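Q: Residue numbers (this note's numbering), protein chains in the order written: chain A, 336 to 432; chain B, 8 to 157; chain C, 29 to 107; chain D, 20 to 105; chain E, 10 to 220; chain F, 871 to 919; chain G, 971 to 1216. Just so you know, even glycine gets a beta-carbon here, dropped at the ideal spot from N, CA and C. Quick one: the structure is below, and I'll ask about it shortly.
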């Protein structure tokens, strides 16, 4: 006996969307499950979640601008850590607002 | 006892070795330099990191000497008629092998280095093929040594 | 002067003992299998290449040569 | 301050490797009397008498290594002194 | 303190130190000479005085002597046999190492008594270090015994004269003049044997003291 | 045989480097022996690295 | 099949046999430990030099190569084209003027001369560890340092092709495909072994077959293989190896 490639197989998944937000958050926290696309013929922008996509984009742009400001302020970062501190509220939207 | 015109072939081999080796290294430096000039306008920060083929041309150069110093040290003012033709063959073989390896390494390096200026990550296969062209020169040095063995 | 049976015997027992005893003394673990494989592999490659290395000087078919300064020097050297 | 560690770490490692190399080499020249197995070339032409002058010449050859070894100690000292400046 | 000075450990350790600094020191500077003559049939070509010197590390294998060949006025060089610097070099080099370690141990005894009486752990280190040194002393004593016996029936003039290629012809008579003196060899092996047995005694005392 | 070739080439290039740098540094006088060893050995180090 | 666990070792030792220098291996291991002991200090640092990023990404590979280069340098008994007196000389050619019929022709004359292994009192057994330094001091050392290293590299490659072949049979065990094994794998192993096993056994036998007293009528090194493939077996000077080998 020796070590071959590992073992894994497709298993379906039912989940209510409201709890699915937190479900996929946790699944990504674990990092140990693949993902795939089940609706290939539809366009990426036709998935209708592009609203979340471009609001992510605009927070990204705002954060880039304040990053440039801080680089002009020449204030170094400290990296306190605590990597798992990303919660799941809708309060993030008006916080970034 | 021996016939005259003994050292002629030995010295001729010694000269031809370096002449052809230097000529190959010259063409290598040619192609490399013009390639760096070609790419540098848009990627000024890759210029130091894109300096591979020239030092490889210098490795064909250090090969030139290892063979030049060997043939020079073996040279004396007396030959048994066996080392004369031997030295000539060694010099011709090593010189032209350096020439051909320099030609290959130069043009392929120019093409590759001036091509990676757009796509960064393909850069490694350039060194792969380049140093295969270098192992060609290594084979040249091999035959030089086995020829000086006798 | 030197022997061949004594050196070949001592080193083959050394490396064979290393290889055979390798797997057993390791405690149970997930790193155990890979360690066993690399230990047996290094044992075998080292041992075979050592066999050819020691055979390199066995039953010579030709006698080396030397210089004349080397003649007198080696004559007045060891032994 | 002057002569920062960026341009002196190379000097430190070079001096360390050089002192160890030179000390071992001098040990080989002295103790082994420079057997041909470790050192073929010499500096003389006439050996009419015997090995005593060869041994003496190898003794002074082994002596010649100490000066360079101490020089490398001195270079390492200067390099480390420059590194200590910050 | 004086209590440990009166304790056998300090006196005993100092005793082995003085025995060693006598023994290996004398071993490192021994020397001697033996004399020979090859009084061939012709007085003009005969040899009456030959000197050959032996000295530390006792590498008899490259010792030699140049004597007239007695054939038409020639001369030949002949080299003795026997390589004894392996065992001897091992013994003296490791004896120097043991001397340095003895200096360190004595320094720890006299200056670091407080760090010596803590946890009774360093005594164990000293114990197995001395045990390795004692095993070494035994094996090197055996090697030196075999070496000195080999030297004993190697330096005998019968071996070299039967090695003399040109003494087989009539008229080539050759008598040893001054025989070699081997006081150094048996004195030194006696010194080493005393050191070995006394280090064994030290080991036993340390085994009885570390409790 | 190309592994053998690389090993051969390495051995001979190291030998010629030794004969070119270290062997030429051999003279009786200590005045230059203890001084020029600096630059000859620095050259050896740079060439090998 | 995952050949990676075996590759863990199979890479560094080839790197080492190619890289035949002890001291260079010491320097490589010095660099490797300088990187490894600075693991955390390098994790905190950012790899601005991407070449250094690749170098760090495989330290373990680097230190494996370093250790195996040290090992190869040790067993070669070569270090910057020099060797040190560790074991005995292992030749001990004392009789040259005596037992060998020579007195004096040195200096201007007899500059170079070969010695006869046949004469007794000149052989000191094989050198226990590594190449005998007689080759290091010798002038035509390269002539025969070719031959055994040639054969050595060949032997190595043959062994590797052997177990590499066996791996495919293992693969076919785990797929349960005897269709491609019955008229398949076994013929490959027979075809490969019949030639390379023959070559390696020929060489092991040739090594200890003959001695210095039969040197000037001994078999060649490789020409007999060429004759074997040529189908031509003249009896003139047939250097017979074992009885009935035809």
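With a threshold of 7 Å between beta carbons, is residue 1039 of chain G in contact with chain F?
A: As a first step, residue 1039 of chain G is located in the seventh chain; it is residue number 69 there, counting from the start. With 7 Å as the cut-off, residue 1039 of chain G does not count as an interface residue toward chain F.
Q: List the residues that DSSP assigns as beta-bridge partners of residue 60 of chain E.
A: Locating residue 60 of chain E in the fifth chain gives position 51, where the first residue counts as 1. Answer by DSSP bridge pairing, in chain order: E:44.
Q: By Cβ distance, which residues of its chain are closer than 7 Å to residue 115 of chain B, with the 5 residues on each side in sequence left out?
A: Mapped onto the second chain, residue 115 of chain B falls at position 108. Only 136, 137 and 140 meet the Cβ criterion.
Q: Let me check you understand the geometry: is the CB of residue 1021 of chain G closer than 6 Å to at least one non-hydrogen atom of the ligand NAP?
A: The ligand NAP is not part of this structure, which contains no ligands at all.
Q: Are the C-beta atoms of residue 1078 of chain G and some chain B residue less than 7 Å apart?
A: To locate residue 1078 of chain G, count along the seventh chain from 1; it is residue 108. So no, residue 1078 of chain G is outside the interface.
Q: Under 7 Å Cβ-Cβ, which residues of chain G neighbour residue 360 of chain A?
A: Taking the first residue of the first chain as 1, we reach residue 360 of chain A at position 25. Chain G residues near residue 360 of chain A: none, gap ~28 Å exceeds 7 Å.
Q: Please look up how many angstroms separate the CB atoms of residue 1209 of chain G and residue 89 of chain C, rounded, as I've assumed it's under 8 Å.
A: Residue mapping note: residue 1209 of chain G aligns to position 239 of the seventh chain, counting from 1. Residue mapping note: residue 89 of chain C aligns to position 61 of the third chain, counting from 1. Not a contact, Cβ separation roughly 13 Å.
Q: Count Cβ pairs between the segment 26-37 of chain B and the segment 60-75 of chain B that sit closer than 8 Å; are there 3 or more?
A: Touching, yes, given that three or more Cβ pairs across the two stretches are closer than 8 Å.
Q: Could you tell me whether the Cβ of residue 79 of chain C comes closer than 7 Å to any Cβ of chain G?
A: For the purposes of this step, residue 79 of chain C is identified with residue 51 of the third chain, where counting begins at 1. By this cut-off, residue 79 of chain C is not an interface position.
Q: Can you check DSSP and say which residues form a bridge with residue 73 of chain E?
A: To locate residue 73 of chain E, count along the fifth chain from 1; it is residue 64. Paired residues: E:88.
Q: How long is the line joining the alpha carbons of residue 377 of chain A and residue 385 of chain A, rounded to whole angstroms?
A: Sequence index remark: in the first chain, residue 377 of chain A carries index 42 (1-based). Sequence index remark: in the first chain, residue 385 of chain A carries index 50 (1-based). Each residue's alpha carbon lies about 13 Å from the other.
Q: Spell out whether any CB of chain G is found under 7 Å from the CB atom of residue 156 of chain B.
A: Residue numbering aside, residue 156 of chain B sits at position 149 when the second chain is read from its first letter. Yes - at least one Cβ of chain G is within 7 Å of the one on residue 156 of chain B.
Q: Going by C-alpha to C-alpha distance, which of B:57, B:25 and B:154 sits closest to residue 91 of chain B?
A: The residue given as residue 91 of chain B occupies position 84 in the second chain. Per the Cα distances, B:154.
Q: DSSP three-state label for residue 172 of chain E, please.
A: Taking the fifth chain and counting its residues from 1, one reaches residue 172 of chain E at position 163. Of the three classes helix, strand and coil, the one that applies to residue 172 of chain E here is helix, per DSSP.
Q: Would residue 992 of chain G pass as a contact of residue 1043 of chain G if the rule is Cβ separation under 7 Å?
A: Here residue 992 of chain G refers to the residue found at position 22 of the seventh chain. Here residue 1043 of chain G refers to the residue found at position 73 of the seventh chain. Yes; because the gap between Cβ atoms is below 7 Å, this pair is in contact.
Q: Which value, in whole angstroms, describes the spacing of the CA atoms of residue 101 of chain D and residue 91 of chain D?
A: Against the fourth chain, residue 101 of chain D aligns to sequence position 82. Against the fourth chain, residue 91 of chain D aligns to sequence position 72. So the alpha carbons of these two residues sit roughly 15 Å apart.
Q: How about residue 1045 of chain G and residue 1100 of chain G: are their beta carbons less than 7 Å apart?
A: Here residue 1045 of chain G refers to the residue found at position 75 of the seventh chain. Here residue 1100 of chain G refers to the residue found at position 130 of the seventh chain. It is a contact, given that the beta carbons lie within the stated cut-off.
Q: Which of the residues in the segment 53-66 of chain D, read from start to end, lie with their CB under 8 Å from any CB of chain G?
A: Listed by position along the chain: 54, 55, 56, 57 and 59.
Q: Tell me, please, whether the segment 75-83 of chain E touches the segment 74-87 of chain D by the rule of three or more beta-carbon pairs shorter than 8 Å.
A: Result no; under three Cβ-Cβ pairs closer than 8 Å.
Q: Output needed for residue 1103 of chain G: all residues of its chain with C-beta closer than 7 Å, excluding positions within five of it in sequence on either side, in chain order.
A: Locating residue 1103 of chain G in the seventh chain gives position 133, counting from the first residue. Within the same chain, residue 1103 of chain G has close Cβ partners 1053.
Q: Give the C-beta separation of residue 1121 of chain G and residue 877 of chain F to the nearest angstrom, bearing in mind that I take them to be a contact with Cβ-Cβ under 8 Å.
A: Numbered from its first residue, the seventh chain carries residue 1121 of chain G at position 151. Numbered from its first residue, the sixth chain carries residue 877 of chain F at position 7. So it is not a contact: roughly 13 Å between Cβ atoms.
Q: Could you check if residue 146 of chain E is buried or exposed, using at least 16 other CB atoms within 10 Å of its CB as the buried criterion?
A: Counting from one through the fifth chain, the residue named residue 146 of chain E turns up at place 137. Label assigned to residue 146 of chain E: buried.
Q: For a test of the three-state rule: what should DSSP assign to residue 179 of chain E, helix, strand or coil?
A: Within the fifth chain, numbered from 1, the residue matching residue 179 of chain E stands at position 170. Coil.
Q: Would you mind stating whether residue 149 of chain E and residue 202 of chain E have Cβ atoms separated by less than 7 Å?
A: Along the fifth chain, one-based indexing puts residue 149 of chain E at 140. Along the fifth chain, one-based indexing puts residue 202 of chain E at 193. No. Outside cutoff.
Q: Taking Cβ positions, are residue 21 of chain B and residue 98 of chain B nearer each other than 7 Å?
A: Position 14 of the second chain, counting from 1, holds the residue named residue 21 of chain B. Position 91 of the second chain, counting from 1, holds the residue named residue 98 of chain B. Yes; because the gap between Cβ atoms is below 7 Å, this pair is in contact.
Q: Go to residue 1119 of chain G, then tell me how far its alpha helix (DSSP H) extends in each direction, as first and last residue.
A: In the seventh chain, the residue the question calls residue 1119 of chain G occupies position 149. Residues 1111-1145.
Q: Could you name the residues of chain B that residue 879 of chain F contacts, counting a contact when the two beta carbons are closer than 8 Å?
A: Here residue 879 of chain F refers to the residue found at position 9 when the sixth chain is read from its first residue. Correct list: 145, 148, 149 and 152.
Q: My assumption, with CB atoms under 8 Å, is that residue 32 of chain E sits in contact with residue 197 of chain E. Please give the rounded CB distance.
A: Sequence index remark: in the fifth chain, residue 32 of chain E carries index 23 (1-based). Sequence index remark: in the fifth chain, residue 197 of chain E carries index 188 (1-based). Going by Cβ atoms, the distance from residue 32 of chain E to residue 197 of chain E rounds to 7 Å, so yes, they are a contact pair.
Q: What did DSSP end up calling residue 54 of chain E once you bin it into helix, strand or coil?
A: Counting from one through the fifth chain, the residue named residue 54 of chain E turns up at place 45. The answer is coil: DSSP assigns residue 54 of chain E none of H, G, I, E or B.
Q: DSSP three-state call for residue 161 of chain E: helix, strand or coil?
A: The sequence position of residue 161 of chain E within the fifth chain is 152, counting from 1. Three-state DSSP puts residue 161 of chain E in a helix.
Q: Closest to residue 147 of chain B by C-alpha separation, out of B:112, B:107, B:131 and B:128, would be which residue?
A: On the second chain, position 140 is the one that residue 147 of chain B refers to. The shortest C-alpha separation from residue 147 of chain B is found at B:107.
Q: Check the Cβ-Cβ distances between residue 873 of chain F and every residue of chain G, and say whether any is below 7 Å.
A: Sequence index remark: in the sixth chain, residue 873 of chain F carries index 3 (1-based). Output row for residue 873 of chain F: interface = yes.
Q: Along the beta strand (DSSP E) that carries residue 1082 of chain G, what are the first and last residues, could you check?
A: Reading the seventh chain from its first residue, position 112 is the one you call residue 1082 of chain G. 1082-1084 is the extent of the beta strand (DSSP E) around residue 1082 of chain G.
Q: Under 7 Å between the Cβ atoms of residue 1094 of chain G and residue 30 of chain C?
A: By one-based count along the seventh chain, residue 1094 of chain G stands at place 124. By one-based count along the third chain, residue 30 of chain C stands at place 2. Yes; because the gap between Cβ atoms is below 7 Å, this pair is in contact.
Q: Whole angstroms is fine: what's the gap from residue 73 of chain D's alpha carbon to residue 68 of chain C's?
A: Taking the fourth chain and counting its residues from 1, the one referred to as residue 73 of chain D is at position 54. Taking the third chain and counting its residues from 1, the one referred to as residue 68 of chain C is at position 40. Distance between the alpha carbons of residue 73 of chain D and residue 68 of chain C is about 51 Å.
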